[PDB]
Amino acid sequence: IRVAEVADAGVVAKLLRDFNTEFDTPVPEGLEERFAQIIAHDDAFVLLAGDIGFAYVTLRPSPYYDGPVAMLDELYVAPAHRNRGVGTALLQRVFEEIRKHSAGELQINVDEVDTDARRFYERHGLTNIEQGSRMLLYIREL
């Protein structure tokens, strides 16, 4: 696993394209050019497991912590390479990398029906319960 460089924007864009296609979710135009800009800056990073898996992490400020709040905005391993520990290794490296940023928390948006992903996340120390209540994510696309 490596932190992506700007030179990796093309492979990151390919993997997100494959991800969204697999899940019948639209593929934005211009992914490679945006990833090249995003990777060049310090409020986000991408981890690559060779060319077959990736984690996209954003950082944003919080008044609760000197460091940022981290969000795992995308986690994906190519279908032929799943169930071999790649995703586990990616997530562990997420924690290691955000720790270098003194991140106070990791947050992940997860669809409720994705029970296999939820089992993976809960196995690795993420929780959806806060004081007996589930935490919900509400959005408005603009």
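One rule holds for the numbers: they count along the sequence shown, beginning at 1. For the two forms, the rigid core is made up of the largest set of C-alpha atoms that agree within 1.5 Å on superposition.
- The higher RMS C-alpha distance to the shown form in 4 other deposited structures of this protein, out of 70-78 and 37-45, belongs to 37-45, with every structure fitted on the core.
- Mean C-alpha B-factor is higher over 42-50 than over the other stretch, the pair under comparison being 42-50 and 99-107.
- Annotation for 109-117 versus 55-63: the higher mean temperature factor (C-alpha) is found in 109-117.
- Among all modelled residues in its chain, residue 87 ranks in the middle third by Cα B-factor.
- The deposited CA B-factor of residue 128 belongs to the lowest third of values across its chain.
- Among the modelled residues of the chain, residue 27 sits in the highest third by CA temperature factor in this PDB entry.
- In the deposited entry, the Cα temperature factor of residue 70 sits in the bottom third of values across the chain's modelled residues.
- Among all modelled residues in its chain, residue 7 ranks in the middle third by Cα B-factor.
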